[PDB]
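Right, one structure below, let's go through it.
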Amino acid sequence: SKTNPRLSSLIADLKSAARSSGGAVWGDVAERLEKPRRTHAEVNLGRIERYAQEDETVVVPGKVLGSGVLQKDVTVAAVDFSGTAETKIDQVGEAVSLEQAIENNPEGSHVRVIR
Amino acid sequence: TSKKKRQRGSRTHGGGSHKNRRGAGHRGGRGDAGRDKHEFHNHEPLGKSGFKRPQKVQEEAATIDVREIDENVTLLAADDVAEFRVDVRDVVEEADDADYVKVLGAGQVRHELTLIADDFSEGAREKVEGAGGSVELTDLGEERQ
Amino acid sequence: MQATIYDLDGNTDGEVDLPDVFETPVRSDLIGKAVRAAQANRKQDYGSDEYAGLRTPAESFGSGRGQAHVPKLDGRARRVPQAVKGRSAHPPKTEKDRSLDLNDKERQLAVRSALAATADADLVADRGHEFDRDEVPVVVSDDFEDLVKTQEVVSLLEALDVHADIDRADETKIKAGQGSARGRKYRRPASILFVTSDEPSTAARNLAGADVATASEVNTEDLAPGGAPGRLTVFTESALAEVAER
Amino acid sequence: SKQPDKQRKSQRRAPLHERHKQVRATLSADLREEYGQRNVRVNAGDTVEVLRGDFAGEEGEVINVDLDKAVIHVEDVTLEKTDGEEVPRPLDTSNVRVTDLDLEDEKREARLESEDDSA
RNA sequence: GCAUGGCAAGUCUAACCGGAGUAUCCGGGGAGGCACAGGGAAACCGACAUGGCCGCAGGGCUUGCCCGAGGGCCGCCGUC
RNA sequence: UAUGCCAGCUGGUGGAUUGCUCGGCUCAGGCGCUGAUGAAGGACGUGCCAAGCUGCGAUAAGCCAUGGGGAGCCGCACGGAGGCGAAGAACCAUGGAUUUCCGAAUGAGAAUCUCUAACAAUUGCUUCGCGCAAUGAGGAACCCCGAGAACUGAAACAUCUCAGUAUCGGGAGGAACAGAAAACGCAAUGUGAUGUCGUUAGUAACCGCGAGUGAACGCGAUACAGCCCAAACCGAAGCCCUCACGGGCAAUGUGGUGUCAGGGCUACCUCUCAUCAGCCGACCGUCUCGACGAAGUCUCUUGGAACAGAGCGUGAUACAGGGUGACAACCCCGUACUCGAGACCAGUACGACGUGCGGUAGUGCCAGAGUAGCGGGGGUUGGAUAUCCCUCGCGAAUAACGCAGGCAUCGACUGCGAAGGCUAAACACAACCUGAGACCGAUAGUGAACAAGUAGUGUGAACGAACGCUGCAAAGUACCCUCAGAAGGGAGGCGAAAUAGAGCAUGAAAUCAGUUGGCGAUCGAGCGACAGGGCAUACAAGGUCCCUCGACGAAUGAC
Ligand SMILES: [Cl-]
Ligand SMILES: [Cl-]
Ligand SMILES: [Cl-]
Ligand SMILES: [Mg+2]
Ligand SMILES: [Mg+2]
Ligand SMILES: [Mg+2]
Ligand SMILES: [Mg+2]
Ligand SMILES: [Mg+2]
Ligand SMILES: [Mg+2]
Ligand SMILES: [Mg+2]
Ligand SMILES: [Mg+2]
Ligand SMILES: [Mg+2]
Ligand SMILES: [Mg+2]
Ligand SMILES: [Mg+2]
Ligand SMILES: [Mg+2]
Ligand SMILES: [Mg+2]
Ligand SMILES: [Mg+2]
Ligand SMILES: [Mg+2]
Ligand code: NA
Ligand code: NA
Ligand code: NA
Ligand code: NA
Ligand code: NA
Ligand code: NA
Ligand code: NA
Ligand code: NA
Ligand code: NA
Ligand code: NA
Ligand code: NA
Ligand code: NA
Ligand code: NA
Ligand code: NA
Ligand code: NA
Ligand code: NA
Ligand code: NA
Ligand code: NA
Ligand code: NA
Ligand code: NA
Ligand code: NA
């Protein structure tokens, strides 16, 4: 009963990758997205900066928000980013859509889940 | 299909015995009735407590934590840079219908800051100086004695 | 992307950059919600007379005559819901708020999204429109705004291989139901939407199933009638440009 | 008034002088060219041709015009009663066309000719 | 409370104003509300952008061993 | 196999159902008072024939004028007879005539009539004469001022609540009311008449501190507008009636000045563009009404009828809606476009006429009393000590004074001048006009689509229904037989259809007559479910089924 056709498609793609490729994060993210919006992740930069590390893609099974400061040069992949978040992140790293992540790494390797 | 939509034919619409859904007696009284008797449970106790000072003898302090200021120093490009120097009064929203602006010391301070505000807390001060900063008290701030 | 501008003869005449908004991801759900709201908000409040069926002193005799305790007057039942001529138990109410709210953001998004659905030849085709063109929307010189005769706009459309859609909308449906008794006897398919810049195309408005709008206030309804994205549209050189900032 | 009920009502209750427009009929190609009007208010003097009923095709002179019932009697357009008598079959001007006009009225002819008024 | 959806340290406009295709609709309007700090009758004061330990999912590795968001158990801080 | 059971068929009864809508319901814009110059309402009249409704008033479904309109007409109402209209009728708009009796009802009385000139009654002016005038009553609600419940809630109940609600008395208008601070009190170096809308806020405040009740300043908007007396100083310089003459008012003060940017007075400066009075007087907009207004009524087929199918063609600043013998942009009304008129905005805005604003210095000349204020008692309010009001008693100052800033007193500070008055606009309602609709669609929706506040009930206050649909066209059934017969019936005629024949579209069920299938006068009662047999069955929309044998063959499993 999701309404967003896009969110719906992302979820189907996340599965196709988790099944075909050896990914497990993708299937993991898919299940959380299938869950009620209220349980989805709403992460600010402060937390990403605190537990992320370079050369390890940050995966947010939700949306990323721009509160706080991010200095580490990391690649963050989320369902969506507030405009401020995506601006602060591209200043020191790279903001990426989950759909790109699934394509540049269907194996879901070297990835860290943050929520 | 919603719940209501499925009620036709149930006779009782989920009310149990048809002798149930009548008047206020099924509610044990109208409104807050029995908040002291049969339904005292989960009602704050009865009684008066304390007092209030006249509304116009009250002062509302506009507050902000150092962490906020600090996290957006660079972003506040439209505010003095020196050996940064920021007049809090110009940062804090609601700083108009406010009897005065006060800086609170929550979070860290990773820059050398010169803060001008009507008031500061110990923590705010220690932290701002600790980062090689200073705290300037406004003329209004001249109300300390 | 590129937009092929057409002259009043139907011949290519240079081309402009298709603004970005036409690239906004098509979100039929949001579109649908904007059309739903627009349609709800123009619905009029109604309800029965507050006193219908209560205008009487009918009383119930109570026990004693082998009669059910129903209010009666002149030996005729009255007032109560189950009686003929009695009150409607839970009738329509003037007080009811039949309007729908919608965040300006969510609404503008749908406008943008509807706009974008316009530049997708497949969608437009699925929505049902009839035409033999590859590029869409149809862009035209501002000289279009000067046309005066409907007939002239027709030739231009026939030359743009889009008249077929008006042929489609050139059929009225006589509805099933009593709407008929209320003045809603007919209904017809929606055809082309003409978006101009200065004023709505007087010359095109009478076209079968056509709707004329202006770039500054063109909305979700005209862009996506019935909440269905992809309406065969024709913008004006200038219109196209204005639309970009909506 | 887009509402059917109101439309029908105003047509049925229109005062007498407003009914003249209900007894109007198209003009032959020639006549339309001659007076620059598409139709005219059928008068008991005009000749007319039946374009739609069971009498379609027949021509005759307009014998009577009833404003209340917005109907006209055309000569020879009749019905056989049980007793053998012949009575007129009312016709709606909408199914009729004027081929000849009775212009004995200065006023009517004047209206017909002018280009700012129609008769 | 819940499901879906938009925006996110913010969010939403109300009356009302302009436009117009004239009750829809496009634009404007942040007055004000809730959220962003709490504690205390009041005066008044005013907090962890993370210090430690377990550990699920997930990731990594030389396949038990590391990293371990969320979660749990503590510390520590504001205030009475 | 009587009485009879079940199902169906033909006919009926009944009026559901479907379809239709001349009526409702609701929203929205415009507009908005009438009356002694006798209203609103009622009564009785009024037609060739006239019972109801509508109109009208002894000039009685009407008379006259001007404009529109047009060859027809004589209301709903389609009969018979007769008549009117080119001397321009009908019909519509505006204005005018007539306009019985009761009715505020006013000469007096009275159930709509009667008795012998009449503003009855109460008032103002007054030529002190009803001479000149006012009031009265109506109106859908809205508005303002008074009087003021209870059921109910509090799970009982008294304060409290319901609620200043219902109901009552008085009264205005098209809107009312309010209104230019003895204000506010984000306390300020700040705001600046008043309604209203949004918010402030379910906040402050109240309350068997229970249940409940409940603002304001401010802010954002709407619309904006500011003035006149009393007095000081003048002192008849004045006002009303009347054509005039003449009369009346007025020293108990008409009139000038003046009104917190305080004023007056005295001496000065400058000036008028404020204000007040009067003249003129709209645009635009909006609501309604009206004029003009494009393009097929072509072919073949079906049909009673083309507005259907197929084919050919056309307009469109007009493809809203309606009508027309079936689905119509092009057959008719209309619709887009353009144009005109009335009403409202408004005797407003603008323009102009007259007046004269303002400033300095001096001056204790003037500035609203049962008041401000205190006390008793009640009511009301969120108003708590700190709401507003009534009642009883007491009771002040004089701007060098006074009142307010949410307890009292004194001082300071800030604001502001009560006890005189007026005031446009923005807001309420919905009688009236018009528009609109995811409203209802004849047991619905109004009580009322119909004779509807009708028939009918009650002494009376008051109560109060049901009834929509022939057909394209009345072509609404001639003639003949029968009959006591304008009844009914038979035969016949019209129409696509009479099983459309008059409360006549469709025509359900309960149910009735006749009739078909099955059962039936020796037999037992939840009327059936599932199995299996008899008998019965036009087509259609289901096409399967039977027996020998043979293949396969779970659990089970022999003689
Ligand atoms: Cl976070
Ligand atoms: Cl307090
Ligand atoms: Cl203020
Ligand atoms: Mg603010
Ligand atoms: Mg009813
Ligand atoms: Mg139906
Ligand atoms: Mg002419
Ligand atoms: Mg009398
Ligand atoms: Mg009680
Ligand atoms: Mg109690
Ligand atoms: Mg008021
Ligand atoms: Mg109260
Ligand atoms: Mg206040
Ligand atoms: Mg004066
Ligand atoms: Mg009270
Ligand atoms: Mg009824
Ligand atoms: Mg019938
Ligand atoms: Mg037995
Ligand atoms: Na339940
Ligand atoms: Na029940
Ligand atoms: Na209770
Ligand atoms: Na207790
Ligand atoms: Na009644
Ligand atoms: Na009974
Ligand atoms: Na409503
Ligand atoms: Na705000
Ligand atoms: Na009016
Ligand atoms: Na009569
Ligand atoms: Na009269
Ligand atoms: Na009088
Ligand atoms: Na007298
Ligand atoms: Na109780
Ligand atoms: Na009791
Ligand atoms: Na109480
Ligand atoms: Na303020
Ligand atoms: Na016709
Ligand atoms: Na008192
Ligand atoms: Na004050
Ligand atoms: Na009925």
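A note on labels: chains of the structure tokens are A, B, ... as shown, every chain counts residues from 1, and ligands are counted from 1 in their shown order.
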
Interface, chain C side, toward chain E (10 Å; only C-alpha atoms (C1' of nucleotides)) as JSON, numbers by chain: {"C": [29, 30, 33, 37, 38, 39, 40, 41, 42, 43, 44, 102, 103, 104, 105, 106, 107, 109, 199, 200, 211, 212, 213, 214, 215, 216, 217, 218, 219, 220, 221, 246]}

Can you pull out every residue from chain B that DSSP, working from the backbone, puts in helix (DSSP H, G or I), and format the result as a list in words? residues 4, 5, 6, 24, 25, 26, 55, 56, 57, 66, 67, 68, 69, 70, 71, 88, 89, 90, 122, 123, 124, 125, 126, 127, 128, 129 and 130 of chain B

Write the residues of the preceding selection, restricted to N, CA, C and O atoms, as a CSV table (one decimal), in the first residue's frame.
```csv
chain,number,residue,atom,x,y,z
B,4,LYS,N,-16.1,0.6,9.5
B,4,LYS,CA,-17.5,1.0,9.4
B,4,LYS,C,-18.2,0.4,8.3
B,4,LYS,O,-19.3,-0.2,8.4
B,5,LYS,N,-17.6,0.4,7.1
B,5,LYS,CA,-18.2,-0.2,5.9
B,5,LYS,C,-18.6,-1.6,6.1
B,5,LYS,O,-19.5,-2.1,5.4
B,6,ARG,N,-18.0,-2.3,7.0
B,6,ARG,CA,-18.3,-3.7,7.2
B,6,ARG,C,-19.4,-3.9,8.3
B,6,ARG,O,-19.8,-5.1,8.6
B,24,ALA,N,-25.4,8.4,28.6
B,24,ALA,CA,-24.2,8.7,29.3
B,24,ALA,C,-23.8,7.7,30.4
B,24,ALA,O,-22.7,7.7,30.9
B,25,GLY,N,-24.8,6.9,30.8
B,25,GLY,CA,-24.6,5.9,31.8
B,25,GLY,C,-23.5,4.9,31.4
B,25,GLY,O,-22.9,4.3,32.3
B,26,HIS,N,-23.4,4.6,30.1
B,26,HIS,CA,-22.5,3.7,29.5
B,26,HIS,C,-21.1,4.4,29.6
B,26,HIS,O,-20.0,3.8,29.4
B,55,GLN,N,1.1,38.7,34.2
B,55,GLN,CA,1.6,38.6,32.8
B,55,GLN,C,2.6,39.7,32.4
B,55,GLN,O,3.7,39.4,31.8
B,56,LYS,N,2.3,40.9,32.8
B,56,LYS,CA,3.2,42.0,32.4
B,56,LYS,C,4.3,42.3,33.3
B,56,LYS,O,5.0,43.3,33.2
B,57,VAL,N,4.6,41.4,34.3
B,57,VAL,CA,5.7,41.5,35.2
B,57,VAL,C,6.7,40.4,34.9
B,57,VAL,O,7.6,40.1,35.6
B,66,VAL,N,25.5,27.7,22.2
B,66,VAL,CA,26.7,27.9,21.4
B,66,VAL,C,26.9,26.9,20.3
B,66,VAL,O,27.3,27.3,19.2
B,67,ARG,N,26.5,25.7,20.4
B,67,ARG,CA,26.5,24.7,19.4
B,67,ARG,C,25.9,25.3,18.1
B,67,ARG,O,26.5,25.1,17.0
B,68,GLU,N,24.7,25.9,18.2
B,68,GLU,CA,24.0,26.4,17.0
B,68,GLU,C,24.9,27.5,16.4
B,68,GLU,O,25.3,27.4,15.2
B,69,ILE,N,25.3,28.5,17.1
B,69,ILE,CA,26.1,29.6,16.6
B,69,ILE,C,27.3,29.0,15.9
B,69,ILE,O,27.5,29.2,14.7
B,70,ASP,N,28.1,28.2,16.7
B,70,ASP,CA,29.3,27.6,16.2
B,70,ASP,C,29.1,26.7,15.0
B,70,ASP,O,30.0,26.8,14.1
B,71,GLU,N,28.1,25.9,14.9
B,71,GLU,CA,27.9,25.0,13.7
B,71,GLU,C,27.7,25.8,12.4
B,71,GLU,O,27.9,25.3,11.3
B,88,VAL,N,24.9,38.1,18.7
B,88,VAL,CA,23.9,37.1,18.8
B,88,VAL,C,22.5,37.7,18.6
B,88,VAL,O,21.6,37.0,18.0
B,89,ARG,N,22.3,39.0,19.0
B,89,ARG,CA,21.0,39.6,18.8
B,89,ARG,C,20.5,39.5,17.3
B,89,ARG,O,19.4,39.5,17.0
B,90,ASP,N,21.5,39.5,16.4
B,90,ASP,CA,21.2,39.4,15.0
B,90,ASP,C,21.1,38.0,14.4
B,90,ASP,O,20.8,37.8,13.3
B,122,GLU,N,27.4,30.4,32.8
B,122,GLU,CA,28.7,30.0,33.0
B,122,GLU,C,29.3,29.1,31.9
B,122,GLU,O,30.3,29.5,31.3
B,123,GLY,N,28.6,28.0,31.6
B,123,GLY,CA,29.0,27.1,30.6
B,123,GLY,C,29.3,27.8,29.3
B,123,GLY,O,30.3,27.5,28.6
B,124,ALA,N,28.4,28.7,28.9
B,124,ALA,CA,28.6,29.4,27.6
B,124,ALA,C,29.9,30.1,27.7
B,124,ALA,O,30.7,30.0,26.7
B,125,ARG,N,30.2,30.9,28.7
B,125,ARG,CA,31.4,31.6,28.9
B,125,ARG,C,32.7,30.7,28.9
B,125,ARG,O,33.5,30.9,28.1
B,126,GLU,N,32.7,29.8,29.8
B,126,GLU,CA,33.9,28.9,29.9
B,126,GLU,C,34.2,28.3,28.5
B,126,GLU,O,35.3,28.4,28.1
B,127,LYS,N,33.2,27.7,27.9
B,127,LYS,CA,33.4,27.2,26.5
B,127,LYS,C,33.9,28.2,25.5
B,127,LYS,O,35.0,28.0,24.9
B,128,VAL,N,33.3,29.3,25.4
B,128,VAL,CA,33.7,30.4,24.4
B,128,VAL,C,35.1,30.9,24.7
B,128,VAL,O,35.9,31.2,23.7
B,129,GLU,N,35.6,31.0,25.9
B,129,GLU,CA,36.9,31.4,26.2
B,129,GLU,C,37.9,30.3,26.0
B,129,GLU,O,38.9,30.4,25.4
B,130,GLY,N,37.5,29.1,26.5
B,130,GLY,CA,38.2,27.9,26.3
B,130,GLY,C,38.7,27.7,24.9
B,130,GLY,O,39.8,27.0,24.7
```

Can you tell me which residues sit at most 9 Å away from ligand 26, counting only C-alpha atoms (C1' of nucleotides) and all ligand atoms, written as a ChimeraX atom specification? /E:30-33

Could you take the residues named above and write them with N, CA, C and O atoms (P, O5', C5', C4', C3', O3' and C1' of nucleotides), as a PDB file, in the first residue's frame?
```pdb
ATOM      1  P     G E  30       4.253  38.531   5.548  1.00  0.00           P
ATOM      2  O5'   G E  30       3.949  37.802   6.925  1.00  0.00           O
ATOM      3  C5'   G E  30       3.546  36.446   6.938  1.00  0.00           C
ATOM      4  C4'   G E  30       3.794  35.834   8.287  1.00  0.00           C
ATOM      5  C3'   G E  30       5.240  35.789   8.766  1.00  0.00           C
ATOM      6  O3'   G E  30       5.322  35.728  10.189  1.00  0.00           O
ATOM      7  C1'   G E  30       4.480  33.595   8.293  1.00  0.00           C
ATOM      8  P     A E  31       5.370  37.082  11.066  1.00  0.00           P
ATOM      9  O5'   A E  31       3.833  37.398  11.328  1.00  0.00           O
ATOM     10  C5'   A E  31       3.402  38.711  11.697  1.00  0.00           C
ATOM     11  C4'   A E  31       2.015  38.659  12.274  1.00  0.00           C
ATOM     12  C3'   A E  31       1.807  37.699  13.425  1.00  0.00           C
ATOM     13  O3'   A E  31       2.270  38.304  14.621  1.00  0.00           O
ATOM     14  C1'   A E  31      -0.011  37.563  11.919  1.00  0.00           C
ATOM     15  P     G E  32       3.304  37.529  15.573  1.00  0.00           P
ATOM     16  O5'   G E  32       2.566  36.172  15.943  1.00  0.00           O
ATOM     17  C5'   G E  32       1.321  36.182  16.655  1.00  0.00           C
ATOM     18  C4'   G E  32       0.533  34.942  16.328  1.00  0.00           C
ATOM     19  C3'   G E  32       1.202  33.630  16.696  1.00  0.00           C
ATOM     20  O3'   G E  32       0.994  33.342  18.088  1.00  0.00           O
ATOM     21  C1'   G E  32       0.378  33.512  14.473  1.00  0.00           C
ATOM     22  P     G E  33       2.012  32.374  18.884  1.00  0.00           P
ATOM     23  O5'   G E  33       1.658  30.937  18.300  1.00  0.00           O
ATOM     24  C5'   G E  33       0.403  30.324  18.594  1.00  0.00           C
ATOM     25  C4'   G E  33       0.289  29.005  17.880  1.00  0.00           C
ATOM     26  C3'   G E  33       1.370  27.993  18.177  1.00  0.00           C
ATOM     27  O3'   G E  33       1.068  27.341  19.403  1.00  0.00           O
ATOM     28  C1'   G E  33       0.932  28.046  15.853  1.00  0.00           C
TER      29        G E  33
END
```

Would you name the residues within 10 Å of ligand 38, counting only C-alpha atoms (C1' of nucleotides) and all ligand atoms, and put them as a PyMOL selection string? chain F and resi 181-185+403-405+414-416

Using only C-alpha atoms, find each residue in chain C having at least one atom no more than 10 Å away from chain D; report its shortest atom-to-atom pair and that distance in Å (one decimal), rows by chain then rising number, as a tab-separated table.
```
residue	atom	partner	partner_atom	distance
C:180	CA	D:4	CA	8.4
C:181	CA	D:4	CA	6.9
C:182	CA	D:3	CA	6.4
C:183	CA	D:3	CA	4.9
C:184	CA	D:3	CA	8.5
C:185	CA	D:4	CA	9.2
```

Work out how far apart CA of residue 142 (chain C) and CA of residue 236 (chain C) are and give it in Å to one decimal. 5.5 Å

Just give me the gap between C1' of residue 520 (chain F) and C1' of residue 536 (chain F) in Å, one decimal is fine. 17.0 Å
